[PDB]
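Enquirer: experimental coordinates for this protein are included below, preceded by the sequence.
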Amino acid sequence: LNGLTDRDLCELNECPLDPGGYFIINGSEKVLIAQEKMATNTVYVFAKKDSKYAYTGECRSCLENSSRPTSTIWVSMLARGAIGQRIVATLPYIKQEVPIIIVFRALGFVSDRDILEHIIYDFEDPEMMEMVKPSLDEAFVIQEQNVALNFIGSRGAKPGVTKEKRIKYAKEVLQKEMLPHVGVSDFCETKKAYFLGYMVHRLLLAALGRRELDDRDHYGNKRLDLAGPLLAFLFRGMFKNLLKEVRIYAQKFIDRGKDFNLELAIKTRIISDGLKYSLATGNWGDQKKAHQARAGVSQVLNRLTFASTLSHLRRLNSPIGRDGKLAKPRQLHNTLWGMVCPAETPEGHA
Amino acid sequence: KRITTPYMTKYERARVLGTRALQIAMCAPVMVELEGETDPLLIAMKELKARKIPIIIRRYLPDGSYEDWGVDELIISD
Amino acid sequence: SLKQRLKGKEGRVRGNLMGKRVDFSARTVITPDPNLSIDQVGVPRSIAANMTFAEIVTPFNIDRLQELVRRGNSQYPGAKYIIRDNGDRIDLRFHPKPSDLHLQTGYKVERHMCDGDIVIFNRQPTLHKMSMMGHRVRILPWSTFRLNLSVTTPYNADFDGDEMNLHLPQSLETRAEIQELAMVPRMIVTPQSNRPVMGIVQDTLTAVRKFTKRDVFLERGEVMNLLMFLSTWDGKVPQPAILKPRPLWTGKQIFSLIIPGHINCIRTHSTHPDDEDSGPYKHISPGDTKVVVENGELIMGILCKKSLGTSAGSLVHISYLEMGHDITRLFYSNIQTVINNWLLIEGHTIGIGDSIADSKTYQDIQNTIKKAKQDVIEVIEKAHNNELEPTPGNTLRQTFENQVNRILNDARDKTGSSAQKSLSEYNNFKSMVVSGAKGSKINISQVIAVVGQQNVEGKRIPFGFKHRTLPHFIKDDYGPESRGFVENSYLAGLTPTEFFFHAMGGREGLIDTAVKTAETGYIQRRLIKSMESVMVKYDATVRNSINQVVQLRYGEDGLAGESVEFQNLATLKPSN
Amino acid sequence: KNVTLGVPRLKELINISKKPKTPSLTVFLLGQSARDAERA
Amino acid sequence: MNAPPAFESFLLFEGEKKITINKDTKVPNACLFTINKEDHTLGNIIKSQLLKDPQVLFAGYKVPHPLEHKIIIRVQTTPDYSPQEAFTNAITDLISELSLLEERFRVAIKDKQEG
Amino acid sequence: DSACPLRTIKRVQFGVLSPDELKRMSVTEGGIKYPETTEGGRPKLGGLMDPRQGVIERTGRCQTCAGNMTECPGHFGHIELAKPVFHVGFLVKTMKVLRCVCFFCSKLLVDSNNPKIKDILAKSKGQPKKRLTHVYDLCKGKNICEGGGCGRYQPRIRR
Amino acid sequence: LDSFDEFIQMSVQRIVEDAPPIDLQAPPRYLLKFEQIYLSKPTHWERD
Amino acid sequence: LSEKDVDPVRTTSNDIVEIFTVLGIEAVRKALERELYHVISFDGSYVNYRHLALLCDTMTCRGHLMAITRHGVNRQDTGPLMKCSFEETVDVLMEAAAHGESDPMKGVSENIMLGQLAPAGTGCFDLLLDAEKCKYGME
Amino acid sequence: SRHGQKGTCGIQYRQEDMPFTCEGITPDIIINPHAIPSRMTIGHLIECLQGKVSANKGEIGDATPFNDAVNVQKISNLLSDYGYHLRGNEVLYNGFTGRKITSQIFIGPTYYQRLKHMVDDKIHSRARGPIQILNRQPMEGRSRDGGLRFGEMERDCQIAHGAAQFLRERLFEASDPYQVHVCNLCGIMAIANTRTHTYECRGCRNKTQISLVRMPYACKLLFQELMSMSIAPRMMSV
Amino acid sequence: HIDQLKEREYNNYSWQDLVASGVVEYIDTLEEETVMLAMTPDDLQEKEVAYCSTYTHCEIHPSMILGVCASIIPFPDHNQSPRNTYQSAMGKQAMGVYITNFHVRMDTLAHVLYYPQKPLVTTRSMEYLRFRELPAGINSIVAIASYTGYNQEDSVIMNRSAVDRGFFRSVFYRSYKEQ
RNA sequence: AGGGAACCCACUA
DNA sequence: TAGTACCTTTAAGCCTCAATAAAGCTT
DNA sequence: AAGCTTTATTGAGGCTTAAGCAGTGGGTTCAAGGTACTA
Ligand SMILES: [Mg+2]
Ligand SMILES: [Zn+2]
Ligand SMILES: [Zn+2]
Ligand SMILES: [Zn+2]
């Protein structure tokens, strides 16, 4: 129906006023409700309340084209309740925290002047020096890059008893899984260190009061997943499963010492019924992970009025739990002006 | 010797009226002279006002003992 | 698993033993009916022709039940089953062989629900024991349950789509105990707060304030038409208050006929001046604002929510305590019927003309808002130029916000009172406010004078941008417009920023409604389960299920909460 | 003073909370230390 | 589903009786005329024509419920006169008034149609 | 109609079902042995859809009693387990007993004649659960059987 | 419409191209690389 | 309270546990009544005193502070069937089975479970037929 | 209406029962005055006024939110230009008696919506019908002739009433009445062959001390689900 | 720009030529936090005391802050805001003609009004919601009166004669399927 | 004269 | 050789560790 | 002597259990593909 006139649409028994924007899945018109999320690659500094961390600067980092699982890195300060206040990091795939200067030594810079050049951009304010000194103090025992990498690797998911295995595992974690939006290739440790020092610097500024803290519900801190990103998130997993079943089929047909039919190797029903299932049920994942996945992403298009159809096609969703009793995500934020209707919202649990 | 209240409680009134109405509906002998009456509830109410319901209320004290009050012995509020 | 079968609100215990689906229940939309008594519910014919009461066959009702069996399940005033003594059910929907339609004494006939049948009628959430009362069935044509209007206050019901549930008691014993314990007239006064739960509401309240004013004069035909709707009327037309030049009755005479027995009550109207009772006209009231009902006759006074409402010591309360539930039920019905039929003569509207003040009042309102905004600018200039010194206990921010909020609240209150003084005695907003029927004075102020300050989590509108509430203001603007003080009324309409700030303020009530309904219900359930077995025993002690003494006498005095009243100790306060 | 009320305070009352949100006292002062603010 | 047919506004079903008199004993010389399948159209004219009668001490009508089609007229008279006689006289005067109105309307139509 | 006397419940006594009682009241005399429910068109004896355990079809009858699907309350089968295993709802109680009795002689760690034991059976005579709590608090600090009885060191039960 | 057009015009090809080529051995190697995608118009296949 | 020039009579708290450990169980009953009254009547509403008194007497009946939770209600001498009807159903019934608890069927929820007449209002007495009064009734 | 003013139809009067203006215009819909003051839908009244102006003028009125070209005084002056009261009131006459109503009634064209919530889609009654297969209680919902849940709060209110027998028939007799046979010794549910009058209890090996017990079916189900957990809920009828 | 947009069909001048003119531009929420907005071009003329002389953007029309279901509310700035929320909820439940090809569709539930009317009082945003073409409601002569007591507590008295003439009559469609 | 369950979503007061 | 039947979200309690300190046993 | 050693309090961490009532309606999927083996 793309580019058809009103007469051509009426020839096909279609309504010219129908806006489209939905999918016909098994004769059911299915609309993809836009899902909001925190913006990736942006450093947000919050105050975790009643916790061991006074401040926390997170950066949900995503590669922006490859779109692996978004690897959040936290750079936190400990609460006062020790001879100072201390900055630590929470790396992905490292189940324990790491103090930040050990991470900077693992990235290649061994000296303290180099690390503080990556963190503190003007040396002429000593108030910010006073806060980084404890972090330099508990990284005193670590003065070399491989020693720091061993410190990283001895806290990983499965620390292999070989020391060089720990070194290689730590190098892989700090290259591919720490701040991948900065870069995942080699020779990217200076840019990763500059961005990590930027995260530490933002945390220091927020702890100094020199910069205000970030708002969870500021709507420039949010992004909306429309039909494109949602369907691409599905299609990445289903194409991964397609390549997995092709490698399984071809492996089974080369252990036998034969040749495989590649046109018969492709399991074309992996993409087909996977997309069809997720759009028909609304659970956004696989069939075997229905509880794990989130529901209500795909809804039946409401066709009671033209206005209800148009409203359903322009609906957003904050996926925060509907049994949540905190008022703040349900507040009408100031930053919704002109972007989100201040009047249109449901009554009740949502 | 009977320490409970001489008045009939509202729960006692409701249950005596219900029990007596069911008895009349099961063709118990009416104690009063019904005058064109048919509904067993009105007959039970007319028996209750006339203090003629042949029912004993057994009130249980919390210690385990009981007191037997006849309906004709209790003061009829409503 | 079995544990998952037994646990939760949906498990076996809470979802199938404490509460369960029941037979002989009905549910449909509720619509008003001013013509029903307070203990009647109007039932659709399809609901009644589907719900059956098992009537035991006696020689008293052999013929009536024989006719009901002969009519069958097709005709509505008919029957659905015959249950013999042995217990088999002869289904009357198959029109069976005529040997089956024989009725002996001891048979049960499951006749259709008819007029006068007792039902429990219920609205969820069932919060208190007046949310589930007994009603007499009246069969009415269309498809809704129909309620009286005084009854919607205990049910917390209105007719914007509410549905209520109708349970039919199936035994004579349970029908009798609903009749003797849970009917609507017996549920008039609550033990929770020793006042009525149900009072004169809405139209009848507005029109009984209009009806009992001093200058309401009814002619002969109007009086006879109103006396047609008085059920307790003795057939004697009262002597008119004015006989010459023409015979005219006042509204107080007709209401004195409505008032039952010889009730003795003294109230004051909502607009009673504070300095009148000390004045020379203590008993000769210039504004008719002191209500005196003496020997069941409205001597003087305009009736309102203070007299005919759900307050303690009101006219319906005194009527209950002195006359009983049946007389007070008739009182409720008579007020509603007579007043609703007089409202056909008088009428009651609300228009766009009632929301409009004179130009002098508009000028006064604009002057007050302008001077208050200038005061806020002066406070801002004092805080900028370091002159603002904190009050003890607070820093400069709570004192600046307190000063600005005090200026703006004094603005809203002063200009709302300026708006309310402009309202004539013909105003309909004022008619519903000073009668207590609907709306308050802040509603009049917001509609006419100024909406006021919008608040999010108690403070003013927060700086959701970088130090701006919206990108239409400059940074660090603490003035009234910037932080959510709506300067216009609803009549004048809001500016776009005021519209957004008002939507931010109004979202708070919606969120609060949702979360309070989530949490308060859990609190109520925990309250119930902690005390469900506590009861007054026959030695008058209050014990729990363990027979542990909770109170040696109920309430420490041994009395029930319904019959007690607010009284005054004479000897406590005066000097020796 | 910013003491809690409403339904949170009722919940803190019926659930016997060892940590109420806004615990407080109302200290009353004896004699001449309550007449003037300097000794208060 | 529960809609009454539109003809029960005005049609007596078999066995329904158009008007019944009930001499209420509450006050002397009063009757309750219960008229079935009628509305305010006749109740109001009968009530007002009864109010023109000086021997009628009370005259009022009511519709007990608007979802039912039933008029209750209550007439009380002086003791030298009866409510049944008052009701008959009121209907005769209404019929004579409407006959006069119809004839004068025909005369006026015939005058204006010609000119 | 039933000929049994109709009378109500004055008491619901709780307890654990003895395996002797399960074997004695079962209708599946050999025990449930086959996981399949139907042997073709027949329900398998000793299977899960045991015909002695109730009424399979809506129009059939039970085999233990002769009642139809309405009158039949259903009757209990049993599986004789190859190896005894833990009841998951009774784990915590088994651990509370295990730290109270000896691992080897199964004697109570504290004396039955102990004055502390004497006055806690005094103050918790009608309360079995609080009596277990007090005996558990007495036996929690111990590490060795006193004795008459052995004197072997006792382990720490960790779940 | 614009989000779906981006997915079906840019994102599917980018997902296909940004995938590891599969290698099969153990013996000769077998390398499969995926190149440009083609989306046809919506077609239905009958029972024949 | 121990301070000089502080009234040791009128000085109070809104911490219920603090009043209970400092002053006792009757003092915390009165303080609980005062606090619940303050919460209820700050809105302007009024609840009759006997309902507050019954709640406070129920909370302070057994000498300690009985919370309105599963930690105060399900730790009473009430039966297992009453406790399992509130919260922690399977745990309560496990504990009752293990210790052989006997439910005396004297509560309301217990008899509601088993379909019996609850000893509550209408069901708190028995009705007996009087044979001597039956001699005056005609068939 | 388009201002949050929802409400069911309470009654329908014919045209000769409706109030009417001097030109014979009966309202299609009469709404309560009391719906306005607590809700403060002043846009509803402005829409009635603007709709009167639009219907007399022949325009379609403009009600775009933030407009200084439209206020209530301009709409009023336009309305008074058409021989109407400027505030939109009219003298209505009683439809029944013909008498002028003493108050003048705000009447004008307002856009009403019919909502999908109809009463014939919502009316439901049950007497006796389908029951759930597991717990033998009435079914769920009006689409399958199910019953209404007499829930826990209704149970609590009927406790507060003191209506013990109504509570008993709601929670036992009108949902799932059932009979079991119990051994008087062990308290476990016995085996009862009703036709041959053979009552027995396996385990105690008695055949005479068996008692009929009326309990809800869901309670029997609870006890059989407790016995699956190796609990013996021994109903002691002694 | 306006005279050239008045002729979008005669001229082939559109919104994208207005974006390409550097006249309008899209501002997201983070950029909106650094802009200075005039609500109207009224805010740009010089005042006797000036609020801001450094406006960088202007609102096109301030009623574009509302969505689809709140753009049908007439005079929404004269309403209390929860009532606007309730109408946004209840405009989706309003019965009209939901689509023009409803005779072809076998929807499970369908509700078509007999005589939908466009509103007599309109917002200018309902020209773009196509509410003039697929309207959901009828312009009703509505009296605000207390008549006989049957409209109390949020009820409506309706004209039976109007309903007989087709007022708010509608047809309900239920579709059943079997394989 | 009555052969479904579970989950999800939307909605009503 | 083609074909059909079967194989496999947070908030408050309680409980349980490591860590201490008078106080009796043993210099 | 002053050291040594043992049974009762603390503080943090881990486990468990709870989170309103009553209604409608629709939609999907359960129960599914490799196989090992024959007449
Ligand atoms: Mg409502
Ligand atoms: Zn059986
Ligand atoms: Zn041992
Ligand atoms: Zn036995």
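Expert: Structure received. Residues are numbered from 1 along each chain as shown, chains lettered A, B, ... in the order given. Ligands and ions are numbered 1, 2, ... in the order given.

Enquirer: roughly how far apart are residue G:30 and DNA strand L?
Expert: Counting by CB to the nearest atom of the strand, to the nearest Å, the separation of residue G:30 from DNA strand L is 26 Å. Backbone N, C-alpha and C define where each C-beta goes, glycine included.

Enquirer: which SS state does residue E:21 fall under?
Expert: strand (DSSP: H, G, I helix; E, B strand; the rest coil).

Enquirer: which residue comes closest to it once chain neighbours are left out?
Expert: Nearest non-adjacent residue to residue E:21, counting by CB to CB, 6 or more residues apart in numbering or on different chains: residue E:31, 5.3 Å away.

Enquirer: the one you found against residue E:22, yeah?
Expert: Yes - if you go by CB atoms under 8 Å, residue E:31 and residue E:22 touch, sitting 6.7 Å apart.

Enquirer: these two: which is more packed in?
Expert: A direct count of neighbours by other CB atoms under 10 Å in any protein chain shown for residue E:31 and residue E:22 places residue E:31 higher, at 20 against 12.

Enquirer: looks to me like that one is in a strand.
Expert: Yes - under three-state DSSP, residue E:31 falls within a strand.

Enquirer: do you know how far it is from residue E:73?
Expert: As defined by CB to CB, to the nearest Å, residue E:31 lies at a distance of 8 Å from residue E:73.

Enquirer: overlap of the contact sets of these two?
Expert: Residues touching both residue E:31 and residue E:73 by CB atoms under 8 Å, 6 or more residues apart in numbering or on different chains: residue E:87.

Enquirer: what residue is smack in the middle of chain H?
Expert: The residue lying closest to the centre of chain H (CA atoms, centre = their mean) is residue H:58, at 3.8 Å.

Enquirer: before we move on, back to that, against residue F:79, how distant is the residue nearest to residue E:21?
Expert: Distance, residue E:31 to residue F:79, by CB to CB: 85 Å.

Enquirer: for the chain, which segments are assigned as strands?
Expert: By default, I'm working from chain A. For chain A, strands defined by DSSP state E occupy the ranges A:23-25, A:28-32, A:34-38, A:44-46, A:53-61, A:71-78, A:87-90, A:98-99, A:222-225, A:298-300, A:316-317.

Enquirer: let's do chain J instead
Expert: For chain J, the strands defined by DSSP E occupy J:37-38, J:57-58, J:109-113, J:121-122, J:138-144, J:155-159, J:170-174.

Enquirer: same question for chain B.
Expert: So, for chain B - with DSSP E - the strands run B:55-60, B:66-70.

Enquirer: tell me the strands beside the first one, with direction?
Expert: When sheet partners are counted by DSSP bridges, strand B:55-60 sits next to strand B:66-70 (antiparallel), strand H:125-129 (antiparallel).

Enquirer: residue A:222: which of those is closest?
Expert: Minimum separation from residue A:222 across the strands paired with strand B:55-60 (CB to CB) falls at strand H:125-129, 65.9 Å.

Enquirer: quick one: residues in contact with that closest one.
Expert: Contacts for strand H:125-129 (CB under 8 Å, 6+ apart): B:11-12, B:15-16, B:19, B:54-60, B:68, C:538.

Enquirer: now stretch A:11-25
Expert: A:1, A:4, A:6, A:9-10, A:29-32, A:276, A:279-280, A:298, A:301, A:306, A:309-310, A:313, G:1, J:99-101, J:104, J:130, J:133-134.

Enquirer: cutoff 7 Å now
Expert: A:1, A:6, A:9-10, A:29-31, A:276, A:279-280, A:301, A:310, A:313, G:1, J:99-101, J:104, J:130, J:133-134 (CB atoms under 7 Å, 6 or more residues apart in numbering or on different chains).

Enquirer: and if you look at stretch I:181-189?
Expert: Stretch I:181-189 is touched from outside by F:2, F:4, F:13, F:25, F:73, I:180, I:190, I:192, I:199, I:201, I:203-204, I:206, I:209-213, I:232, I:234-238, with contacts defined as CB under 7 Å, 6+ apart.

Enquirer: what about 6 Å?
Expert: Outside stretch I:181-189, the residues within contact range by CB atoms under 6 Å, 6 or more residues apart in numbering or on different chains are F:4, F:73, I:180, I:190, I:192, I:199, I:201, I:204, I:209-213, I:234-237.

Enquirer: can you tell me which of these are in strands?
Expert: Using DSSP E, the contacts of stretch I:181-189 in strands are I:180, I:192, I:199, I:210, I:211, I:212, I:213, I:234, I:235, I:236.

Enquirer: on that earlier part again, of the strands paired with strand B:55-60, which approaches ligand 3 most closely?
Expert: Closest to ligand 3 of the strands paired with strand B:55-60 is strand B:66-70 (CB to the ion; 54.2 Å).

Enquirer: now the closest one: buried residues?
Expert: For strand B:66-70, the neighbour count (16 or more other CB atoms under 10 Å in any protein chain shown) marks B:69, B:70 as buried.

Enquirer: just stretch J:4-19 next, same as before
Expert: In stretch J:4-19, counting by 16+ other CB under 10 Å, buried: residue J:13.

Enquirer: check the separation of the first and last residues in it.
Expert: Length of stretch J:4-19, first residue to last, CA to CA, to the nearest Å: 14 Å.

Enquirer: how far does it sit from the chain's center?
Expert: 24 Å (CA atoms, centre = their mean, to the nearest Å).

Enquirer: residues making contact with that stretch?
Expert: residue J:24.

Enquirer: ok, now stretch A:124-144?
Expert: Defining contact as CB under 6 Å, 6+ apart, one finds that stretch A:124-144 is touched by A:84, A:86-87, A:99-102, A:105, A:112, A:120, A:148, A:151, A:204.

Enquirer: residue A:198 and DNA strand L: what is the separation?
Expert: For residue A:198, the distance to DNA strand L equals 27 Å [CB to the nearest atom of the strand].
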